[PDB]
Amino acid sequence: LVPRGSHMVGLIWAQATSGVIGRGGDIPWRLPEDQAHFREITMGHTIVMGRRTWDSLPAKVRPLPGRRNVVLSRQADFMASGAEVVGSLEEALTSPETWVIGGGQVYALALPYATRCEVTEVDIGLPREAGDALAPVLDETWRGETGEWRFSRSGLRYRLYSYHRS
């Protein structure tokens, strides 16, 4: 439960075991169960994304429905119809509940304010490569539960972590 006067900042991402979350401006796998999970967590809340993550969303679909979409960019004239564009992270974090939904740069910026991380680990052995977007590594202040590996319908194995801190 979030009191309406507070500011709960959460991060939600899917990563390969290695930490890779993005490559060539795309997520380098597809996992429908994780798409559904991402919706269940974020629906009804503000979502904050960096400009490159906005670009990675299909044009017809963005802004993602049922959520207040916020795009972080330093480009004053950036066009993101249906979203709002802000030039600093702190300006993006005024709602009672906010989910930061990527990418690599914006997770790293937001982590100091965050008290929840909802992580999907994908059992794909993509090694970290030059130019990849990477997930944060959570330090010892973060704690929580680790789910069991399961086969998705597609065959790709995954497990869910729900972590938090004070």
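Numbers follow the displayed sequence, beginning with 1. Superpose the two forms; the largest set of C-alphas matching within 1.5 Å is the rigid core.
Give, as the answer, the stretch of 10-18 and 150-158 that departs more from the shown form in 9 other deposited structures of this protein; the measure is RMS Cα distance after a core fit.
-> Larger mean C-alpha displacement, comparing 10-18 and 150-158 in 9 other deposited structures of this protein, is found in 150-158.
Relative to the presented form, and with the rigid core used for superposition, do the C-alpha atoms of 97-105 or of 55-63 deviate more in 9 other deposited structures of this protein?
-> Output: 55-63, the stretch lying farther off on average in 9 other deposited structures of this protein.
As stated in the PDB record, which stretch has the larger average Cα B-factor, 13-21 or 154-162?
-> So the stretch with the higher mean C-alpha B-factor is 154-162.
If you average the CA temperature factors over each stretch, which comes out higher, 133-141 or 55-63?
-> Of 55-63 and 133-141, the stretch with the higher C-alpha B-factor average is 55-63.
Among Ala110, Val122, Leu126, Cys117, which carries the highest Cα B-factor?
-> Largest recorded C-alpha B-factor: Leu126.
Can you tell me which third, lowest, middle or highest, the CA B-factor of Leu72 falls into for its chain?
-> As the PDB entry reports it, the C-alpha B-factor of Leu72 lands in the lowest third of its chain.
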